[PDB]
Each structure stands twice: as structure tokens, then as C-alpha cells.
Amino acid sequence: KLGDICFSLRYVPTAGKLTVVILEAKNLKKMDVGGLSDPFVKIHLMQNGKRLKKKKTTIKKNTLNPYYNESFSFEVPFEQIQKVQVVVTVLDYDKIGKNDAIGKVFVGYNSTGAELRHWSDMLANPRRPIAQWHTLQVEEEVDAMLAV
């Protein structure tokens, strides 16, 4: 199992402010067996297969159950909020070499299941922060859904 990520979503239609708070991850897969797990989280705003904005958390050391409580905001006008994706990836940091993704999820346009539910809850409740757990999924699959 890859692990789970808990984050909040909040949308303020007048200002167009989309806030994502990365709260915690748990049960993360160990990427370097016999090494250490040093997770951080990327948050990407996407539309039509393109990364519009990229943000990331600090790195936590030697943990499969990191707490972050780090907030990020994006500007998404109300006429566009139903056509974007927010992509949340947990990766293992290495000082040398490409960082290995553990897994990822996206919410927003074309999302499904619990990911769509979280987004829908956000939209239906302007200004209200809504926290939810999500199961991390293999990047190969998520990326295929996000492409084009």
C-alpha cells in the first residue's frame, strides 16, 4: 500500500482564492529499503495537462507518518474553478538523484470517487475549509488521467 494523505480545501469565489492545507500523511511506503524515508509533498495546479503553478512542503526526516500543517493558496477565478485540477504528490527526498514519488491523487475536473466528493464539498460550501483523507495512487495511473 502506498499510503494516505490528509489535506483541506477551501474556495472563496469572490476573491478566487483556492487554499490547500497539507495536514499529514500516514502509512507511507518505504522507498529506500534499509535507507531512510524523508517525505515531502508537491501541490500542483493543472489545467488541460499543463502545470500552471507548483508549490511544495518542507521535507520531514525519517518518517512514514509525517505531519506538515502547511498552507498554500492559488488564484483561480470563479469562472474557471470547475475546470482545474489540484494534484497532490508525496515523494521521498534524496539529496542526490531524482526524488521518487510514493504516490499521488488529484481533485477537481475529471476527478472521481472520494476525490470528486472532496472537491464538490468545497464548491458547495464557499469559504468553508473541508479536510479529508485520500488514498495515494501510483503515479503512472494518475498521470495518465491528467495528460493531454
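So that there is no doubt, residue numbering starts at 1 and follows the sequence shown.
- Stretch comparison (16-24 versus 124-132) by mean CA B-factor in the PDB entry places 124-132 on top.
- The mean C-alpha temperature factor is higher for 90-98 when 103-111 and 90-98 are set side by side.
- Ranked by C-alpha B-factor against the other modelled residues of its chain, residue 65 falls in the middle third.
- Among the modelled residues of its chain, residue 33 has a C-alpha B-factor that falls in the highest third, as given in the PDB entry.
- Annotation for residue 55: CA B-factor lies in the middle third of the chain's modelled residues.
- When the modelled residues of the chain are ordered by C-alpha B-factor, residue 146 sits in the middle third.
- Annotation for residue 44: CA B-factor lies in the middle third of the chain's modelled residues.
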